[PDB]
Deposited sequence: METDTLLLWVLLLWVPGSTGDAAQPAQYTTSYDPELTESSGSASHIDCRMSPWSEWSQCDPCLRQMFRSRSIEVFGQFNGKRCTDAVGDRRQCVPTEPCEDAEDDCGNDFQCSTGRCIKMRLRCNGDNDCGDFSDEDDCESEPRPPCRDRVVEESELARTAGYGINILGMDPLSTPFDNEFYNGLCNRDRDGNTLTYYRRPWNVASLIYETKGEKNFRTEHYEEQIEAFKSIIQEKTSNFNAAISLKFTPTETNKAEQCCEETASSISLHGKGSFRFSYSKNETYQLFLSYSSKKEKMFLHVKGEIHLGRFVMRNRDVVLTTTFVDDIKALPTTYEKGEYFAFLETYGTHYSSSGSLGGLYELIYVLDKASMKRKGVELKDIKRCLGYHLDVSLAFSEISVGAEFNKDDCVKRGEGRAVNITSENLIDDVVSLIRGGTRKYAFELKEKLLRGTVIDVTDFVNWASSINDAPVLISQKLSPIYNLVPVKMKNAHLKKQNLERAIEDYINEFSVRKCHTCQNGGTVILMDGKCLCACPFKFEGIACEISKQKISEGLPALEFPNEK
């Protein structure tokens, strides 16, 4: 029949947090809606204002001999007046007395847009990238650069990125299959299948971030610092939803495309001439990266299957330079970025770890009810649904025709 969304009862309220002035509670989900059921609302948290008993005394150690930015980020005194912004809002450039001293010393370099957004946060479910937690405009008084062969231009490297290699390489793959079986004795039968798969990838560069002495944006540190000390499922789930669960410590950029074709045929004759002819096709195409003029042109040219000129491949190749995507990642957990110099940072790391494990445990395909006749179960926005093969077209993949 039909199954509706059901959730567990509420838990008990915690004590009042002396700084947030709130108390929290949480529940769980038992079953997702399936088969035209009600999808889940995903309300797993609760919060409410309270009155503390003791006043909230919150502080962090000052820089000391280091400069104190207006956002709280400590920078060294040698960076007080130079050619770069380190406070994040040009707080250090407002008192340049005399004799400016740029670090690169008049050399002609450019801000690389490829490395300016490196370090995407990645959600583990769905693999959708998010905005980088690092602040890639900090240079730490260095002038590290790197040369791009296509334009013969030298691009400055930010502090957080430990490696920036521009390299050109390409790949391809082309596999086809064909079967044909014929059985007859009156009687007859003919079967035939055909498979296509084409895919090729274009690489532009590859980066590796740092591990020790990194600099994060002010907003990420403030969002971390507002977390409750104890373990509250709702608030840490909200943090995970906002910033993802992992961040890419290394990756590549470029583009790719695909083409998938399936053919199936069958017949059966008896002799009262009974004849049957079934023909089934399926074509899929995908393309990522490049410019929305050449890319979609090539996507369409690929579908018709006629032989095309190489110029469009070259045009898409040259346009891949202006809108790269993230083709390969290597994830690292987000709690490794919790700063050492912080109140109860270790407890925040433990809580984040347990909350990531819990978040993986929930929203799992494993609680969805199984389909019938070899269906495939996909979870999409709190509602289980089945995927059926070519032969079956029922809602539960049970109607055969």
Which deposited-sequence positions, grouped into ranges, are missing C-alpha coordinates? 1-43, 229-289, 376-418, 549-564
